[PDB]
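Q: I'm passing along model_10.txt; it holds compact mmCIF, C-alpha atoms and all ligand atoms.
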# COMPACT_ATOMS: atom_id res chain seq x y z
CA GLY M 1 -51.11 -4.56 -83.24
CA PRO M 2 -52.14 -0.94 -83.78
CA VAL M 3 -51.87 0.34 -87.35
CA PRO M 4 -49.26 3.12 -87.72
CA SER M 5 -50.16 6.69 -88.66
CA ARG M 6 -48.36 9.56 -90.37
CA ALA M 7 -48.99 13.29 -90.54
CA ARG M 8 -50.59 14.59 -93.74
CA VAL M 9 -48.49 17.77 -93.88
CA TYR M 10 -45.09 18.67 -92.41
CA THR M 11 -44.29 14.96 -92.24
CA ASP M 12 -40.52 15.01 -92.81
CA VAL M 13 -39.77 18.54 -91.56
CA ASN M 14 -37.41 17.25 -88.87
CA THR M 15 -35.86 14.65 -91.20
CA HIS M 16 -34.71 17.40 -93.57
CA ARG M 17 -33.25 19.48 -90.72
CA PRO M 18 -29.80 18.80 -89.28
CA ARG M 19 -29.65 16.50 -86.27
CA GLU M 20 -28.80 19.43 -83.96
CA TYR M 21 -32.19 21.00 -84.75
CA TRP M 22 -34.35 18.41 -82.97
CA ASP M 23 -31.97 16.22 -80.91
CA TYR M 24 -32.39 18.26 -77.73
CA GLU M 25 -30.74 15.60 -75.55
CA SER M 26 -27.44 16.33 -77.32
CA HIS M 27 -28.00 20.09 -76.93
CA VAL M 28 -25.75 21.98 -74.51
CA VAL M 29 -27.70 24.70 -72.71
CA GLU M 30 -25.91 28.07 -72.78
CA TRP M 31 -26.94 29.33 -69.35
CA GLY M 32 -26.96 33.09 -68.82
CA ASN M 33 -26.42 35.21 -65.72
CA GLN M 34 -29.23 35.43 -63.16
CA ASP M 35 -27.79 38.70 -61.81
CA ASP M 36 -28.84 40.44 -65.05
CA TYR M 37 -32.53 40.08 -64.09
CA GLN M 38 -34.21 41.57 -61.01
CA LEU M 39 -37.79 40.52 -60.36
CA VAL M 40 -40.22 43.44 -60.19
CA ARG M 41 -43.62 41.90 -59.41
CA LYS M 42 -45.53 38.64 -59.61
CA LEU M 43 -47.91 38.26 -62.56
CA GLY M 44 -49.39 34.77 -62.25
CA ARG M 45 -48.62 31.45 -60.59
CA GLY M 46 -49.16 27.71 -60.81
CA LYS M 47 -47.84 24.36 -59.73
CA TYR M 48 -45.63 24.08 -62.83
CA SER M 49 -44.15 27.59 -62.68
CA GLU M 50 -44.12 31.03 -61.09
CA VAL M 51 -44.22 33.93 -63.56
CA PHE M 52 -42.69 37.31 -62.73
CA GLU M 53 -42.39 40.76 -64.23
CA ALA M 54 -38.71 41.71 -64.25
CA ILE M 55 -36.16 44.13 -65.68
CA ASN M 56 -32.82 43.35 -67.33
CA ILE M 57 -30.41 45.61 -65.44
CA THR M 58 -27.83 45.40 -68.25
CA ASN M 59 -30.04 47.08 -70.88
CA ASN M 60 -32.79 48.40 -68.54
CA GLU M 61 -35.55 46.76 -70.58
CA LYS M 62 -38.60 45.00 -69.19
CA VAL M 63 -38.85 41.21 -69.54
CA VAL M 64 -40.95 38.29 -68.27
CA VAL M 65 -39.35 35.59 -66.10
CA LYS M 66 -40.79 32.08 -65.65
CA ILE M 67 -39.25 30.06 -62.81
CA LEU M 68 -39.71 26.44 -63.88
CA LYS M 69 -40.87 23.57 -61.70
CA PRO M 70 -38.27 20.96 -60.69
CA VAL M 71 -38.91 19.00 -63.88
CA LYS M 72 -36.65 16.32 -65.36
CA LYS M 73 -33.56 17.87 -66.94
CA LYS M 74 -34.36 16.33 -70.33
CA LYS M 75 -37.67 18.22 -70.53
CA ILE M 76 -35.83 21.45 -69.68
CA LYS M 77 -33.57 21.03 -72.72
CA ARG M 78 -36.62 20.13 -74.83
CA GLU M 79 -38.57 23.29 -74.01
CA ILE M 80 -35.49 25.50 -74.40
CA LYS M 81 -34.57 23.95 -77.76
CA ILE M 82 -38.15 24.33 -79.00
CA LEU M 83 -38.44 27.97 -77.92
CA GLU M 84 -35.09 28.73 -79.57
CA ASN M 85 -36.25 27.22 -82.87
CA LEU M 86 -39.62 29.02 -82.73
CA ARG M 87 -37.91 32.38 -82.11
CA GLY M 88 -39.25 35.04 -84.46
CA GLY M 89 -42.34 33.04 -85.40
CA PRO M 90 -45.71 34.77 -85.53
CA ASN M 91 -47.75 34.98 -82.32
CA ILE M 92 -45.19 32.87 -80.41
CA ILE M 93 -43.31 34.24 -77.41
CA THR M 94 -39.63 35.11 -77.85
CA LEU M 95 -37.11 33.51 -75.51
CA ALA M 96 -34.58 36.16 -74.48
CA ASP M 97 -32.34 34.26 -72.05
CA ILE M 98 -32.06 31.24 -69.75
CA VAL M 99 -30.75 31.65 -66.20
CA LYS M 100 -30.43 29.50 -63.08
CA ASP M 101 -29.60 29.55 -59.35
CA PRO M 102 -32.39 31.72 -57.89
CA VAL M 103 -33.13 29.39 -54.97
CA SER M 104 -30.80 26.35 -55.06
CA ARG M 105 -30.27 25.91 -58.82
CA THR M 106 -33.65 26.28 -60.56
CA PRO M 107 -34.06 26.88 -64.32
CA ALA M 108 -35.81 30.11 -65.27
CA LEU M 109 -36.97 31.26 -68.70
CA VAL M 110 -36.64 34.93 -69.67
CA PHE M 111 -39.13 36.02 -72.34
CA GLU M 112 -39.29 39.30 -74.20
CA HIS M 113 -41.88 41.90 -73.21
CA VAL M 114 -43.57 43.92 -75.96
CA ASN M 115 -43.69 47.62 -75.15
CA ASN M 116 -47.11 49.01 -74.15
CA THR M 117 -48.95 45.68 -74.49
CA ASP M 118 -51.08 44.46 -71.58
CA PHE M 119 -51.51 40.72 -72.20
CA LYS M 120 -54.41 39.01 -70.42
CA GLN M 121 -55.68 35.44 -70.44
CA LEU M 122 -58.13 34.42 -73.14
CA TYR M 123 -61.73 34.58 -71.94
CA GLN M 124 -65.24 34.14 -73.35
CA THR M 125 -66.57 37.74 -73.59
CA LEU M 126 -65.70 38.13 -77.29
CA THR M 127 -67.93 39.03 -80.22
CA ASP M 128 -68.44 36.90 -83.33
CA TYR M 129 -65.72 38.81 -85.20
CA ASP M 130 -63.22 38.69 -82.33
CA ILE M 131 -63.62 34.90 -82.08
CA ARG M 132 -62.87 34.61 -85.80
CA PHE M 133 -60.00 37.09 -85.54
CA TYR M 134 -58.23 35.49 -82.58
CA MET M 135 -58.80 31.96 -83.88
CA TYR M 136 -56.94 32.95 -87.04
CA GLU M 137 -54.09 34.35 -84.94
CA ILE M 138 -53.84 31.09 -82.98
CA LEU M 139 -53.86 29.27 -86.33
CA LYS M 140 -50.82 31.33 -87.36
CA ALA M 141 -48.86 30.08 -84.34
CA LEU M 142 -50.05 26.49 -84.78
CA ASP M 143 -49.15 26.51 -88.48
CA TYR M 144 -45.71 28.01 -87.87
CA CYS M 145 -44.58 25.57 -85.18
CA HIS M 146 -46.13 22.61 -87.02
CA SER M 147 -44.18 23.64 -90.13
CA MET M 148 -41.12 23.78 -87.87
CA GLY M 149 -41.87 20.14 -86.98
CA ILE M 150 -43.18 20.88 -83.48
CA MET M 151 -46.37 19.84 -81.69
CA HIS M 152 -47.58 22.08 -78.87
CA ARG M 153 -49.76 19.37 -77.26
CA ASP M 154 -51.30 21.74 -74.66
CA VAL M 155 -53.58 24.09 -76.60
CA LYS M 156 -56.19 25.54 -74.23
CA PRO M 157 -57.52 29.02 -73.37
CA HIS M 158 -55.19 29.28 -70.36
CA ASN M 159 -52.21 28.98 -72.74
CA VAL M 160 -53.45 31.74 -75.07
CA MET M 161 -52.91 35.32 -73.91
CA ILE M 162 -54.65 38.28 -75.51
CA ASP M 163 -54.21 42.05 -75.82
CA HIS M 164 -57.65 43.27 -76.86
CA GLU M 165 -56.49 46.88 -77.24
CA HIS M 166 -53.87 46.12 -79.92
CA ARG M 167 -55.21 42.84 -81.42
CA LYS M 168 -52.11 40.96 -80.23
CA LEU M 169 -52.12 37.25 -79.39
CA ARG M 170 -49.47 34.88 -78.04
CA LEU M 171 -49.42 31.10 -77.67
CA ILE M 172 -47.55 30.34 -74.46
CA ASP M 173 -46.48 27.49 -72.16
CA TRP M 174 -44.42 25.20 -74.41
CA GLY M 175 -43.46 22.84 -71.56
CA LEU M 176 -45.37 19.97 -73.19
CA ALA M 177 -44.21 20.68 -76.75
CA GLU M 178 -42.28 18.03 -78.64
CA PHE M 179 -40.69 17.44 -82.05
CA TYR M 180 -42.62 15.30 -84.53
CA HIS M 181 -40.92 12.30 -86.11
CA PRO M 182 -42.84 9.89 -88.39
CA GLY M 183 -43.24 6.51 -86.73
CA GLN M 184 -42.48 7.72 -83.20
CA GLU M 185 -44.83 6.80 -80.36
CA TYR M 186 -45.57 9.69 -78.01
CA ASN M 187 -46.70 10.15 -74.42
CA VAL M 188 -50.49 10.32 -74.07
CA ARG M 189 -50.43 12.32 -70.81
CA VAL M 190 -50.46 15.64 -72.67
CA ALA M 191 -52.96 18.52 -72.64
CA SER M 192 -55.75 19.07 -70.12
CA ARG M 193 -58.70 16.68 -69.92
CA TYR M 194 -61.20 18.97 -71.68
CA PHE M 195 -58.90 19.31 -74.71
CA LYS M 196 -57.44 15.80 -75.13
CA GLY M 197 -58.08 14.38 -78.57
CA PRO M 198 -59.63 10.94 -79.02
CA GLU M 199 -56.17 9.60 -79.87
CA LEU M 200 -55.06 10.28 -76.29
CA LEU M 201 -58.22 8.97 -74.61
CA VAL M 202 -57.84 5.62 -76.41
CA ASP M 203 -54.07 5.59 -75.70
CA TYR M 204 -53.03 5.76 -79.37
CA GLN M 205 -49.41 6.88 -79.22
CA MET M 206 -48.63 7.56 -82.90
CA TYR M 207 -50.32 10.95 -83.16
CA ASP M 208 -49.07 14.14 -84.80
CA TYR M 209 -49.76 17.88 -85.22
CA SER M 210 -53.49 17.19 -85.61
CA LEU M 211 -53.69 16.82 -81.82
CA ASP M 212 -53.54 20.62 -81.57
CA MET M 213 -56.37 20.94 -84.11
CA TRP M 214 -58.74 18.95 -81.88
CA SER M 215 -57.72 21.06 -78.87
CA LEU M 216 -58.38 24.15 -80.98
CA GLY M 217 -61.81 22.82 -81.92
CA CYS M 218 -62.77 22.38 -78.26
CA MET M 219 -61.99 26.06 -77.72
CA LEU M 220 -64.02 27.16 -80.74
CA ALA M 221 -66.96 25.05 -79.56
CA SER M 222 -66.89 26.58 -76.08
CA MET M 223 -66.52 30.13 -77.43
CA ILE M 224 -69.33 30.06 -80.00
CA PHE M 225 -71.73 28.05 -77.80
CA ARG M 226 -70.87 29.88 -74.54
CA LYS M 227 -70.22 26.63 -72.66
CA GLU M 228 -66.84 26.10 -71.00
CA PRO M 229 -65.76 23.48 -71.24
CA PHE M 230 -67.65 22.08 -74.23
CA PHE M 231 -66.71 18.47 -73.42
CA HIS M 232 -66.98 18.45 -69.62
CA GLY M 233 -65.63 15.10 -68.47
CA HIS M 234 -64.74 14.13 -64.91
CA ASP M 235 -62.17 11.46 -65.83
CA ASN M 236 -60.45 10.35 -69.02
CA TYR M 237 -63.13 7.71 -69.68
CA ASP M 238 -65.97 10.19 -69.14
CA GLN M 239 -64.27 12.63 -71.51
CA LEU M 240 -64.66 10.21 -74.42
CA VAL M 241 -68.21 9.55 -73.18
CA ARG M 242 -69.10 13.24 -73.48
CA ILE M 243 -67.51 13.42 -76.94
CA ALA M 244 -69.43 10.30 -77.97
CA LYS M 245 -72.69 11.89 -76.83
CA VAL M 246 -72.05 14.70 -79.36
CA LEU M 247 -70.13 13.16 -82.27
CA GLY M 248 -71.95 9.83 -81.96
CA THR M 249 -70.48 6.40 -81.28
CA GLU M 250 -70.72 5.47 -84.97
CA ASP M 251 -67.63 7.30 -86.25
CA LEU M 252 -65.79 6.47 -83.01
CA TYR M 253 -65.96 2.70 -83.55
CA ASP M 254 -64.96 3.09 -87.21
CA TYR M 255 -62.00 5.12 -85.90
CA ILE M 256 -61.05 2.35 -83.46
CA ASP M 257 -61.36 -0.39 -86.09
CA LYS M 258 -59.26 1.55 -88.61
CA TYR M 259 -56.08 1.90 -86.53
CA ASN M 260 -56.67 -1.49 -84.84
CA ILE M 261 -56.86 0.20 -81.44
CA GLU M 262 -57.40 -2.11 -78.47
CA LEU M 263 -59.70 -0.76 -75.76
CA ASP M 264 -60.34 -2.10 -72.28
CA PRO M 265 -63.14 -4.72 -72.29
CA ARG M 266 -65.14 -2.61 -69.82
CA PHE M 267 -64.47 0.60 -71.78
CA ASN M 268 -66.08 -0.68 -74.97
CA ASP M 269 -69.20 -1.66 -73.00
CA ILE M 270 -69.62 1.62 -71.11
CA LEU M 271 -69.44 3.72 -74.29
CA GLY M 272 -72.58 2.12 -75.71
CA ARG M 273 -74.43 3.67 -78.64
CA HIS M 274 -75.14 7.38 -79.12
CA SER M 275 -76.54 9.33 -82.06
CA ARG M 276 -74.58 12.22 -83.56
CA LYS M 277 -76.22 15.23 -81.94
CA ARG M 278 -76.48 18.24 -84.23
CA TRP M 279 -74.32 21.30 -83.72
CA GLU M 280 -77.49 23.42 -83.77
CA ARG M 281 -78.93 21.84 -80.61
CA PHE M 282 -76.27 23.69 -78.58
CA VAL M 283 -77.39 27.00 -80.13
CA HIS M 284 -79.57 28.91 -77.66
CA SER M 285 -80.96 32.45 -77.59
CA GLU M 286 -77.81 33.68 -75.82
CA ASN M 287 -75.23 32.47 -78.37
CA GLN M 288 -77.30 32.68 -81.57
CA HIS M 289 -75.15 35.60 -82.79
CA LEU M 290 -71.82 33.73 -82.51
CA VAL M 291 -73.05 30.73 -84.54
CA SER M 292 -73.07 30.88 -88.35
CA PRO M 293 -73.14 28.30 -91.15
CA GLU M 294 -69.39 28.85 -91.57
CA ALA M 295 -68.70 28.38 -87.85
CA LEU M 296 -70.56 25.07 -87.69
CA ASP M 297 -68.89 23.75 -90.84
CA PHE M 298 -65.44 24.80 -89.60
CA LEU M 299 -66.05 23.33 -86.14
CA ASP M 300 -67.28 20.09 -87.72
CA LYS M 301 -64.12 19.68 -89.80
CA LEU M 302 -61.96 20.16 -86.68
CA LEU M 303 -63.82 17.85 -84.28
CA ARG M 304 -63.19 14.55 -86.04
CA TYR M 305 -62.28 11.26 -84.37
CA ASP M 306 -59.84 10.47 -87.19
CA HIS M 307 -56.89 12.82 -86.69
CA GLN M 308 -55.92 12.28 -90.35
CA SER M 309 -59.29 13.68 -91.51
CA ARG M 310 -59.22 16.84 -89.37
CA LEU M 311 -58.22 20.13 -90.97
CA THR M 312 -54.61 21.20 -90.98
CA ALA M 313 -53.69 24.62 -89.62
CA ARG M 314 -53.37 26.06 -93.13
CA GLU M 315 -56.57 24.44 -94.40
CA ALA M 316 -58.33 26.11 -91.47
CA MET M 317 -56.84 29.46 -92.48
CA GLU M 318 -58.29 28.86 -95.97
CA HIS M 319 -61.78 28.12 -94.58
CA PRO M 320 -64.60 30.56 -95.47
CA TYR M 321 -65.15 31.06 -91.73
CA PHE M 322 -62.18 33.46 -91.84
CA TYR M 323 -62.90 34.86 -95.32
CA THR M 324 -63.58 38.46 -94.31
CA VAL M 325 -61.00 38.18 -91.51
CA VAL M 326 -58.16 37.57 -93.96
CA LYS M 327 -59.36 40.41 -96.20
CA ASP M 328 -59.11 42.72 -93.19
CA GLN M 329 -55.45 41.68 -92.81
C1 LIG M 401 -45.11 38.69 -74.86
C2 LIG M 401 -45.36 37.81 -73.82
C3 LIG M 401 -44.39 37.60 -72.84
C4 LIG M 401 -44.64 36.71 -71.79
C5 LIG M 401 -45.85 36.04 -71.71
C6 LIG M 401 -46.10 35.18 -70.72
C7 LIG M 401 -45.59 33.95 -70.85
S1 LIG M 401 -46.05 33.11 -69.54
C8 LIG M 401 -46.90 34.31 -68.82
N1 LIG M 401 -47.56 34.27 -67.66
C9 LIG M 401 -48.22 35.40 -67.20
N2 LIG M 401 -48.16 36.53 -68.00
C10 LIG M 401 -47.49 36.53 -69.16
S2 LIG M 401 -47.53 38.08 -70.05
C11 LIG M 401 -47.88 39.27 -68.71
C12 LIG M 401 -47.99 40.72 -69.22
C13 LIG M 401 -46.67 41.17 -69.84
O1 LIG M 401 -45.83 41.70 -69.08
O2 LIG M 401 -46.52 40.97 -71.07
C14 LIG M 401 -46.84 35.42 -69.60
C15 LIG M 401 -46.81 36.25 -72.70
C16 LIG M 401 -46.57 37.14 -73.75
CL CL M 402 -57.91 26.46 -69.65
CL CL M 403 -44.70 30.29 -71.18
CL CL M 404 -43.63 12.37 -75.74
CL CL M 405 -70.43 18.02 -71.54
CL CL M 406 -50.96 21.69 -89.23
Would you mind giving the structure from this file in structure tokens?
A:
Amino acid sequence: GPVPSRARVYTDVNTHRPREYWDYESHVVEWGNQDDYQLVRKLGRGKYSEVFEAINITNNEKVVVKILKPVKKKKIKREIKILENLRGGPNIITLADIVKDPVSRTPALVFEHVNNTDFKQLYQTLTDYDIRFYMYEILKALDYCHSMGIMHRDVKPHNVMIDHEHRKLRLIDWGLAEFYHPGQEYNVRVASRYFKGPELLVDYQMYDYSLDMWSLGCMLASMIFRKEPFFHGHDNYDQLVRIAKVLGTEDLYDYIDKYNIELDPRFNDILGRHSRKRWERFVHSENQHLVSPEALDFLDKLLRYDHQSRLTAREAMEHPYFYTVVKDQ
């Protein structure tokens, strides 16, 4: 059988909390009034949700409304309980209300809108300093929710919104977030393909907060090397193939033998052998200003097969890659 795993930091955060903090199935959702919110315009869209700009007619303040997909009711309580516990945390959106019955009883999330802040989706047209700066801001949100015993499990550029005029960042879309409990096996169908950690691609269910650190590394790799996505797989098997062609198959097999992970007989044959390609081979004349000795060292300590050897969110904030960035703050 597979060898169990535990988180290095924030292990027993939920154990020390009261049961009501993390037992979202027992939570009773205090639904608000839909009439208090009138939709102004449509901001974005997607299969999982439709986002709207709206105004709260009671206080005449602008808000953001997210009409949720018809998801299982248990996941609705999970996301609402997580957003309520993360309220007030740095660089995390603030849930203002929860309403229903727009078109035949549909849950909708009402988030606060910050005055005079135009939030746009995270892109790849940033300088070397802005990459450092906004990575540190994401690290703030990852460290806060991890310390609150919560995995985000869907860290990707589409879930990070930026305001380049005011240096404001928000980590959004907590529909896949979940509470961490030591010894609990978790669903491996989380995050997008390009940002799934090796623990998901080998179907290792006892993962922890370090899943978000791998996803964060994939972003850093694509930003500094100007290659989105960095690991460009076409299916879940090919994703681990692309990772193996960079990080080598050597540390991957030692990772599989450590936790006693059982792969498919055909999967172990198609991986083969690959040498650890250097981080400097992806450096070209276009992105030679975004790459530094600190960036490569920091990226290396994030992109590790062993989730227990990757950097924690705080360790990353202590890395010399952000040295001048923290002195600016
Ligand atoms: C502060 C804040 C509030 C809501 C969101 C948000 C969550 S999902 C989502 N989907 C599309 N846009 C946004 S922000 C759009 C611009 C604004 O009015 O702030 C969001 C992101 C940040
Ligand atoms: Cl994305
Ligand atoms: Cl959201
Ligand atoms: Cl799960
Ligand atoms: Cl690739
Ligand atoms: Cl962490």
Q: Which residues are close to residue 140 in chain M, i.e. within 8 Å by all atoms listed in the file, leaving aside same-chain residues fewer than 4 positions away? Reply as a PyMOL selection string.
A: chain M and resi 90-91+136+144+313
Q: Considering all atoms listed in the file, state which residue in the set M:292, M:145, M:47, M:38 is at the smallest distance from residue 225 in chain M.
A: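 Checking each of M:292, M:145, M:47, M:38 against residue 225 in chain M, counting all atoms listed in the file, the winner is M:292.
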Q: Smallest atom-to-atom distance to ligand CL 405 (chain M): which of M:222, M:116, M:287, M:58, using all atoms listed in the file?
A: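 Going through M:222, M:116, M:287, M:58 one by one, the smallest distance to ligand CL 405 (chain M) is for M:222.
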Q: Show me which residues are within 7 Å of ligand CL 404 (chain M) counting all atoms listed in the file, and format the list as a PyMOL selection string.
A: chain M and resi 178+186-187
Q: 9 Å from ligand CL 403 (chain M) is the threshold here; counting all atoms listed in the file, which polymer residues fall inside it? Answer as a VMD selection string.
A: chain M and resid 49 51 66 93 109 111 159 171 to 175
Q: Write range 135-168 of chain M as a CSV table (one decimal), keeping the file's coordinate frame, completed to N, CA and C atoms.
A:
chain,number,residue,atom,x,y,z
M,135,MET,N,-59.0,33.3,-83.4
M,135,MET,CA,-58.8,32.0,-83.9
M,135,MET,C,-57.8,31.9,-85.0
M,136,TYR,N,-57.9,32.9,-85.9
M,136,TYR,CA,-56.9,33.0,-87.0
M,136,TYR,C,-55.5,33.2,-86.5
M,137,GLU,N,-55.4,34.1,-85.5
M,137,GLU,CA,-54.1,34.4,-84.9
M,137,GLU,C,-53.5,33.1,-84.3
M,138,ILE,N,-54.3,32.4,-83.5
M,138,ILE,CA,-53.8,31.1,-83.0
M,138,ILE,C,-53.4,30.1,-84.1
M,139,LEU,N,-54.2,30.1,-85.2
M,139,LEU,CA,-53.9,29.3,-86.3
M,139,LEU,C,-52.5,29.6,-86.9
M,140,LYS,N,-52.1,30.9,-86.9
M,140,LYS,CA,-50.8,31.3,-87.4
M,140,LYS,C,-49.7,30.6,-86.5
M,141,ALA,N,-49.9,30.7,-85.2
M,141,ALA,CA,-48.9,30.1,-84.3
M,141,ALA,C,-48.8,28.6,-84.5
M,142,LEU,N,-50.0,27.9,-84.6
M,142,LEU,CA,-50.0,26.5,-84.8
M,142,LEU,C,-49.4,26.1,-86.1
M,143,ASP,N,-49.7,26.9,-87.2
M,143,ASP,CA,-49.2,26.5,-88.5
M,143,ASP,C,-47.6,26.7,-88.5
M,144,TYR,N,-47.1,27.8,-87.8
M,144,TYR,CA,-45.7,28.0,-87.9
M,144,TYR,C,-44.9,26.9,-87.2
M,145,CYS,N,-45.3,26.6,-85.9
M,145,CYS,CA,-44.6,25.6,-85.2
M,145,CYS,C,-44.8,24.2,-85.8
M,146,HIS,N,-46.0,23.9,-86.3
M,146,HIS,CA,-46.1,22.6,-87.0
M,146,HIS,C,-45.2,22.5,-88.2
M,147,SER,N,-45.1,23.6,-89.0
M,147,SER,CA,-44.2,23.6,-90.1
M,147,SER,C,-42.7,23.6,-89.7
M,148,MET,N,-42.4,24.0,-88.5
M,148,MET,CA,-41.1,23.8,-87.9
M,148,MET,C,-41.0,22.4,-87.2
M,149,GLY,N,-41.9,21.5,-87.5
M,149,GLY,CA,-41.9,20.1,-87.0
M,149,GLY,C,-42.1,20.0,-85.5
M,150,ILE,N,-43.0,20.8,-84.9
M,150,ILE,CA,-43.2,20.9,-83.5
M,150,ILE,C,-44.7,20.8,-83.1
M,151,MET,N,-45.0,19.9,-82.3
M,151,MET,CA,-46.4,19.8,-81.7
M,151,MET,C,-46.4,20.6,-80.4
M,152,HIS,N,-47.5,21.4,-80.1
M,152,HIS,CA,-47.6,22.1,-78.9
M,152,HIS,C,-48.2,21.2,-77.8
M,153,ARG,N,-49.2,20.4,-78.1
M,153,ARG,CA,-49.8,19.4,-77.3
M,153,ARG,C,-50.4,19.9,-76.0
M,154,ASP,N,-50.6,21.2,-75.8
M,154,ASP,CA,-51.3,21.7,-74.7
M,154,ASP,C,-52.1,23.0,-75.0
M,155,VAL,N,-52.8,22.9,-76.2
M,155,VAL,CA,-53.6,24.1,-76.6
M,155,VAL,C,-54.9,24.2,-75.8
M,156,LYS,N,-55.0,25.3,-75.0
M,156,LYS,CA,-56.2,25.5,-74.2
M,156,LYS,C,-56.2,27.0,-74.0
M,157,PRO,N,-57.4,27.6,-73.6
M,157,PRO,CA,-57.5,29.0,-73.4
M,157,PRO,C,-56.5,29.6,-72.4
M,158,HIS,N,-56.1,28.8,-71.3
M,158,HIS,CA,-55.2,29.3,-70.4
M,158,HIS,C,-53.8,29.5,-71.0
M,159,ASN,N,-53.5,28.8,-72.1
M,159,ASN,CA,-52.2,29.0,-72.7
M,159,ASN,C,-52.3,29.9,-73.9
M,160,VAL,N,-53.3,30.7,-74.0
M,160,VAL,CA,-53.4,31.7,-75.1
M,160,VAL,C,-53.7,33.1,-74.4
M,161,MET,N,-52.8,34.0,-74.5
M,161,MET,CA,-52.9,35.3,-73.9
M,161,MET,C,-53.2,36.4,-75.0
M,162,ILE,N,-54.1,37.3,-74.6
M,162,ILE,CA,-54.6,38.3,-75.5
M,162,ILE,C,-54.3,39.7,-75.1
M,163,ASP,N,-54.3,40.6,-76.1
M,163,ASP,CA,-54.2,42.0,-75.8
M,163,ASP,C,-55.3,42.7,-76.7
M,164,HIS,N,-56.5,42.8,-76.1
M,164,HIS,CA,-57.6,43.3,-76.9
M,164,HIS,C,-57.5,44.7,-77.4
M,165,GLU,N,-56.6,45.5,-76.8
M,165,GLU,CA,-56.5,46.9,-77.2
M,165,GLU,C,-55.7,47.0,-78.5
M,166,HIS,N,-54.8,46.1,-78.8
M,166,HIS,CA,-53.9,46.1,-79.9
M,166,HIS,C,-54.0,44.9,-80.8
M,167,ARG,N,-55.0,44.0,-80.6
M,167,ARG,CA,-55.2,42.8,-81.4
M,167,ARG,C,-54.0,41.9,-81.5
M,168,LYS,N,-53.3,41.8,-80.3
M,168,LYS,CA,-52.1,41.0,-80.2
M,168,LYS,C,-52.4,39.7,-79.5
